[PDB]
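Positions of Cβ are backbone-derived with ideal geometry, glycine not excepted, and every protein chain shown enters the neighbour counts. Nothing in this text is a laboratory measurement; each read-out follows from the coordinates by a stated rule.
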Amino acid sequence: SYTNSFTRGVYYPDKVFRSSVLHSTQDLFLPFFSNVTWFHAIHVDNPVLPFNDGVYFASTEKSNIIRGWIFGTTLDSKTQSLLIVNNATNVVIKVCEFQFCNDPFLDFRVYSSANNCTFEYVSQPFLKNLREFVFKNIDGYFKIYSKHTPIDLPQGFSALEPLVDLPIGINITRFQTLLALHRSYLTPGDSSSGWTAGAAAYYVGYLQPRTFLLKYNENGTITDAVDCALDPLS
Amino acid sequence: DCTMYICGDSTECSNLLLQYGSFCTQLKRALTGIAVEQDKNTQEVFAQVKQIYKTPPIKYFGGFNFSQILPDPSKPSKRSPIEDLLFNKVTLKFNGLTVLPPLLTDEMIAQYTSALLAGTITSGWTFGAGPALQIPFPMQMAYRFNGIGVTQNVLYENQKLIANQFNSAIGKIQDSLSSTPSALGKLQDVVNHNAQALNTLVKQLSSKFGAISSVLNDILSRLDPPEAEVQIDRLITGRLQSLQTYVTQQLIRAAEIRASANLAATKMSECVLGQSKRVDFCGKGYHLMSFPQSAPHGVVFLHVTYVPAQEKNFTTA
Amino acid sequence: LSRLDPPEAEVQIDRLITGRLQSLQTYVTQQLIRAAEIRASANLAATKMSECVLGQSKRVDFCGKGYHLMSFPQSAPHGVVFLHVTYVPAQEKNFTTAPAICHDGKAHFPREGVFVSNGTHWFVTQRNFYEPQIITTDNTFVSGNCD
Amino acid sequence: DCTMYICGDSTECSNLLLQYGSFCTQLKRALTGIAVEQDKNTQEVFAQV
Amino acid sequence: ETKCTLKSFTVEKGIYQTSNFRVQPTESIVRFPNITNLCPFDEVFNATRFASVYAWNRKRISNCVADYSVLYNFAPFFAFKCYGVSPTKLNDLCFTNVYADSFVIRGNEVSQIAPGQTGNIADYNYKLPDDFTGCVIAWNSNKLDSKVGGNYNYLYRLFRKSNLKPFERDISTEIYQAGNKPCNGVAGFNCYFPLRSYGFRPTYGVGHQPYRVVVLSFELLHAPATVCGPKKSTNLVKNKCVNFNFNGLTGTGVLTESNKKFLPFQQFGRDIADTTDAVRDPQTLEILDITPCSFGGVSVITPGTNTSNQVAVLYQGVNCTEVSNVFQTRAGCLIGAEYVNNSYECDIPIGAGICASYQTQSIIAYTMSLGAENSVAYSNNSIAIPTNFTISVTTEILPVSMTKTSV
Ligand SMILES: *[C@@H]1O[C@H](CO)[C@@H](O)[C@H](O)[C@H]1NC(C)=O
Ligand SMILES: *[C@@H]1O[C@H](CO)[C@@H](O)[C@H](O)[C@H]1NC(C)=O
Ligand SMILES: *[C@@H]1O[C@H](CO)[C@@H](O)[C@H](O)[C@H]1NC(C)=O
Ligand SMILES: *[C@@H]1O[C@H](CO)[C@@H](O)[C@H](O)[C@H]1NC(C)=O
Ligand SMILES: *[C@@H]1O[C@H](CO)[C@@H](O)[C@H](O)[C@H]1NC(C)=O
Ligand SMILES: *[C@@H]1O[C@H](CO)[C@@H](O)[C@H](O)[C@H]1NC(C)=O
Ligand SMILES: *[C@@H]1O[C@H](CO)[C@@H](O)[C@H](O)[C@H]1NC(C)=O
Ligand SMILES: *[C@@H]1O[C@H](CO)[C@@H](O)[C@H](O)[C@H]1NC(C)=O
Ligand SMILES: *[C@@H]1O[C@H](CO)[C@@H](O)[C@H](O)[C@H]1NC(C)=O
Ligand SMILES: *[C@@H]1O[C@H](CO)[C@@H](O)[C@H](O)[C@H]1NC(C)=O
């Protein structure tokens, strides 16, 4: 499918504070009123999703049906592929040199056959239930913004707060969602494991280098943004 | 401050700045001349009178109503309701850029305006050409009507009508000034330009001007002084080129303000302190009198104009 | 041109030329501003010379404070000095004034001046010099009744 | 045009020009004020009626 | 100072700006966050047992700071040499990789662990690069790695086909072919085993006693920088402009208490004119406003050297509660003059309706008078008729031309 992200896809551009002022910055932002891909009816193919300028991952997942994400170069043997797996009370962020299958599922613990991870990075567990995420890679820092806001994408405004930064530099051109269900299918090749569960939809929207003018209130929370190359008034 | 704006808390930058020449003692010599000039423009229009006159206690001038132009003793700041309305509409130490306050505050200019009003109401035009002479206001109006060609009988007979029309005009001028919010545009434009010219200098200091960074504490800590001299030189050049154009624009704006103040003083002397025979120098039409009002950065002249109306066709020979 | 060789001393000469040109540009700008100011002042002085020396003007404080009569110019190495002759009233006195006079049921108004009174008497005088004159028909005109 | 007069059809020159400061938005702000002023001088003498 | 700034000897009567008043900072704080996930260097310096030379271990400690306090591990070091970096400046430099290698060798073999060395160890067991940038620490371990019966657990390579490359590791235990035939992989004549034992004993001499050696290899490559954090400093000094170095944000000013509630993940703060007005303390979560250090302009109000020399000092645009009659005005504050309560004619302007002059005695300060006072009696039946005339002259001087110059 294809839908529109009207006024969503904004985040904090730098770790600086402001008080009821306006800040114009040329950053990598999501263009307002764009055409994002609403993959709600794809209940496990087509995992070929690029990572040129990043990804805007929006979801309304009911409760813990997502298991994590994977960002790799080509998903081949001896290729750096980061896997962020969110358990109940802890998340694991390791980069592996392994050949990943079409849809590595989690319900299993070992994704591929010959796994070989080398990093160590543990953090706080991450996982009307809107879960906004924005992923990017710049200056060798795999940078993520996360937000947990209640309610599809409404017409409101909510900034994305930088939560965790982690240093790594690779040619990240991979993206796929990891679902969770009841029926256990150990077969990696068979990409058909549809189970009767809640609504699942992984939003995909690519970022773009644009100039954004954000308005910082007295408390330092972005409450408005007008873009610069979409409407003449902007 | 030529030393602090270009060189932030750095003694080596101060030693390097003196080699550029005498720009530091010229950019501050021109700006202080601008300030002394601005301290004189506010004395050629408001300080034209020598002795301060006052309004008599009896508030009966003959039928007219000047409560909106005379100072109000209730408000601690002695001003008129029109001046109070004008003061509530003009919307007004960070780095080596300070704002010097003017000599004549908003209270002394108000006193000069009240003295000029008393002189032009009680004495007429004699308070600006010698000793003040008392004269009734209806007789002053008859004088001003005969000065333009209209006989004094139309005023000595239809005095109540003229008084009511003047009172209605004085009452409606407040609503007219309150209707259009951009009426005091000439007084807000100068303030906005000054604020923009004062805020654009701090915004250009963050520019690297070719160097690696913008702050001196970073260049004097990452690179060694023997090889970091060209960076400080380029930064000083960039910060001096941004101040020279600022001083030039300030001089141009000061010349414009001086010309405007000379014109305003001429209008005050030829319209408030007497009646002029010019067509559109003291208002559009037949000028009778003019009342001054102070404003945080200017003067508002209220010109009383006599306009004929209800004309009729006749035969002439 | 004597301590360092020409091929490597080009940047120093370039910087010196830039500094000496930037110091002359601001001088030319200041000279232009001062010349514009001098031109405005000279236009004002020429207007004053034409309206005060070459005739009498009715302006209040354009040919001196007070009542202008005449003006005498004097040269100066870089300017002009105007000596304005001014007539100023003095030694004023209190008097009684009235708009008109009701006589024979008609309201008579003075032609020039105002009706002056000094106690059980009434005369006609101008508005700049006390000259008591009897109220006659030559200096007065009828404009209706005194109602 | 502050961008085209200084930097002819060069994106790197445009990226380098923004580091100089806000001169590009001031030199064009003064010239447009000059133009709006010139659009007013022709109305105080001819548009009096 | 007035004569200096005016370049003259007989200053006239008036007010003249000479210099500017700037308060100098007294102390200078650093405050960067608490010292937290400390690396484990004692895990390699205080290990129960080290590894052999032929199988020297290599540990990588990462995102773990770099506190170089190796002195506490048997301070009497036998060999503490640094290559490419000086001893103590080491503690305040960042690097990408801090690889740490360890092994045990004899006391007389420590010289082989250095750039450009020849022998058995340097060539066959452990080779360091020529441009090695790091440190080499060696200490005696007789008590630990020696037994009365001989500690034969430490082995070392004695024969090899060729010299090892820098930082090369070879566990091969194949029979070194010293003769002409391959020997079919059996130990015999002209076919010796490459590894040999040490057999450290407590009765051995200092030259043969065991020596635990550890190398600190420092790499700095294209990647982030996550080590080297032994950074620490002073306490907060409130109400007094000092030099602050908060988490890299350097400046000079007063750090005052705030009431603006920031975001939890927000630390810095800037105004509309790109000026740092608030920073969060790294140690304790608390926001402090950076107010500019007190500054203004000093000005001499001199009556002129013709009359006297008593002058007055005016600080403009600054309240002088902090750093001769002190009086606070609306345009500043002046010292050296007395506030007289009778209004006279203004002679030397100051600002906000205050003027100074010489009473004749000392400099005075008074509110300027706008003129005399005269209230005319306005009556509807009274007039003022002049009687006499006065012929006066008014002088008006106006410039016409300028000096024609050319360059
Ligand atoms: C969005 O994409 C779909 C499919 O490509 C297309 O049909 C639709 O017109 C697009 N809408 C917008 C907002 O351009
Ligand atoms: C995964 O979640 C289960 C249930 O809370 C928990 O017992 C287990 O320790 C978790 N494993 C980790 C540490 O990821
Ligand atoms: C004059 O006008 C003011 C405002 O309308 C009014 O309050 C006042 O009573 C009037 N006075 C006279 C003399 O009528
Ligand atoms: C006078 O008469 C002319 C011709 O009928 C007419 O156009 C004009 O409006 C009249 N003016 C007045 C004042 O009545
Ligand atoms: C006229 O009388 C009034 C009231 O006594 C007085 O104030 C004024 O000065 C007198 N003027 C002259 C010129 O005598
Ligand atoms: C006023 O002056 C006139 C002319 O001298 C004289 O006739 C008249 O008697 C005087 N009146 C009084 C009462 O002074
Ligand atoms: C530093 O330690 C103090 C005292 O234990 C604690 O209150 C604070 O949260 C710590 N701050 C950081 C940045 O770890
Ligand atoms: C000094 O004062 C004397 C006496 O008043 C005066 O004659 C002279 O012009 C003054 N000189 C200066 C330089 O002010
Ligand atoms: C200036 O000083 C006074 C006297 O201590 C004090 O109230 C305050 O610091 C300042 N006053 C104001 C309101 O600026
Ligand atoms: C002047 O006198 C007034 C009234 O007594 C008083 O309030 C004020 O402080 C005095 N100013 C000085 C100290 O000259």
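Tabulated values for the structure
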read-out	value
Residue pairs meeting the criteria (Cβ under 9 Å; at least 6 apart or on separate chains; first under 16 Å from residue E:84 (Cα atoms), in region E:111-125; second of a type in the set (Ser, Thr, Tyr) and assigned to a loop (DSSP other than H, G, I, E, B))	E:113/E:126
Those strands (runs of 3 or more DSSP E) lying entirely in region A:164-234 with at least 2 residues over 28 Å from residue A:69 (Cα atoms)	A:208-216, A:222-226
Hey, residue C:114 surrounded by 12 or more Cβ atoms within 10 Å (Cβ to Cβ), away from ligand 2 (no atom under 16 Å from the Cβ), under 18 Å from residue B:146 (Cα atoms) and more than 10 Å from every other protein chain (Cβ to nearest Cβ) or not	no
Filter result for residue E:237 (away from chain A (no Cβ under 14 Å) and not polar (S, T, N, Q))	yes
Pick from region E:372-392, criterion hydroxyl-bearing (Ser, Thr, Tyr) and at the interface with chain C (Cβ under 7 Å from one of its Cβ atoms), ranking: farthest from residue E:345 (Cα to Cα)	E:382
Restricting region A:6-48 to residues that are within 14 Å of residue A:202 (Cβ to Cβ) and within 16 Å of ligand 1 (Cβ to nearest atom), the residue that is surrounded by the most Cβ atoms within 10 Å (Cβ to Cβ)	A:36
Flag for residue C:51 being closer than 27 Å to residue B:152 by Cα and either of a type in the set (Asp, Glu) or within 9 Å of chain E (Cβ to nearest Cβ) (or both)	no
Restricting region C:92-109 to residues that are farther than 21 Å from residue B:130 by Cβ and within 13 Å of chain E (Cβ to nearest Cβ), the residue that is surrounded by the fewest Cβ atoms within 10 Å (Cβ to Cβ)	C:96
Of all residues making up region E:320-329, the number that are within 11 Å of chain B (Cβ to nearest Cβ) and either exposed (fewer than 13 other Cβ atoms within 10 Å of the Cβ) or away from ligand 9 (no atom under 16 Å from the Cβ) (or both)	0
Test: residue in region E:337-348 that is away from chain C (no Cβ under 14 Å), among the hydrophobic types (A, V, I, L, M, F, W, C), crowded, with 17+ Cβ neighbours inside 10 Å and more than 30 Å from residue E:241 (Cα to Cα)	yes
Restricting region A:1-50 to residues that are of a type in the set (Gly, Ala, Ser) and away from chain E (no Cβ under 14 Å), the residue that is nearest to the chain's Cα centre (by Cα)	A:9
Strands (runs of 3 or more DSSP E) wholly inside region A:1-52 that include at least 3 residues being more than 16 Å from ligand 7 (Cβ to nearest atom) and more than 23 Å from residue A:163 (Cα to Cα)	A:34-39
Residue selected from region C:45-60 under the condition in contact with an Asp or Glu (Cβ under 8 Å, 6 or more places away or on another chain) and buried (at least 17 other Cβ atoms within 10 Å of the Cβ), by the criterion farthest from residue B:274 (Cα to Cα)	C:48
Near pairs, Cβ below 6 angstrom, 6+ apart or cross-chain, from region B:61-77 (within 14 Å of chain E (Cβ to nearest Cβ) and more than 16 Å from ligand 7 (Cβ to nearest atom)) to any residue that is among the aliphatic types (A, V, I, L, M) and not in a loop (DSSP other than H, G, I, E, B)	B:63/B:163; B:64/B:163
Residue that is nearest to the other protein chains (Cβ to nearest Cβ), among those in region B:173-195 that are among the polar types (S, T, N, Q) and loosely packed, with under 14 Cβ neighbours inside 10 Å	B:192
Matching residues in region E:153-171 - criterion: being over 48 Å from the mean Cα position of the chain (by Cα) and surrounded by 12 or more Cβ atoms within 10 Å (Cβ to Cβ)	E:153, E:155, E:157, E:158, E:159, E:160
Hits in region C:125-147 (condition: assigned to a loop (DSSP other than H, G, I, E, B), of a type in the set (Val, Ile, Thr) and surrounded by 13 or more Cβ atoms within 10 Å (Cβ to Cβ))	C:135
Test: residue E:313 is buried (at least 16 other Cβ atoms within 10 Å of the Cβ), more than 14 Å from chain A (Cβ to nearest Cβ), in contact with a strand residue (DSSP E or B) (Cβ under 8 Å, 6 or more places away or on another chain) and among the aliphatic types (A, V, I, L, M)	yes
Strands (runs of 3 or more DSSP E) contained entirely in region E:295-347, each with at least 2 residues that are within 16 Å of ligand 10 (Cβ to nearest atom)	E:332-335
In region E:348-390, residue farthest from the chain's Cα centre (by Cα) [restricted to those that are within 30 Å of residue B:57 (Cβ to Cβ) and within 15 Å of ligand 10 (Cβ to nearest atom)]	E:369
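Residues checked against (1) under 22 Å from residue B:68 (Cα atoms); (2) at the interface with chain E (Cβ under 7 Å from one of its Cβ atoms); (3) among the charged types (D, E, K, R); (4) crowded, with 21+ Cβ neighbours inside 10 Å:
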| site | (1), (2), (3), (4) |
| --- | --- |
| B:84 | yes, no, yes, no |
| B:88 | yes, no, no, no |
| B:92 | no, no, no, no |
| B:95 | no, no, no, no |
| B:109 | yes, no, no, yes |
| B:113 | yes, no, no, yes |
| B:119 | yes, no, no, yes |
| B:124 | yes, no, no, yes |
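Matching residues to (1) of a type outside the set (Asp, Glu); (2) part of a loop (DSSP other than H, G, I, E, B):
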site	(1), (2)
B:261	yes, no
B:279	yes, yes
B:284	yes, yes
B:291	yes, no
B:304	yes, no
B:311	no, yes
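One line per residue, one yes/no per condition, for (1) in contact with a helix residue (DSSP H, G or I) (Cβ under 7 Å, 6 or more places away or on another chain); (2) not β-branched (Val, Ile, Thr):
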site	(1), (2)
B:89	no, yes
B:97	yes, yes
B:108	no, yes
B:114	no, yes
B:120	yes, no
B:123	no, yes
B:126	no, no
B:129	no, yes
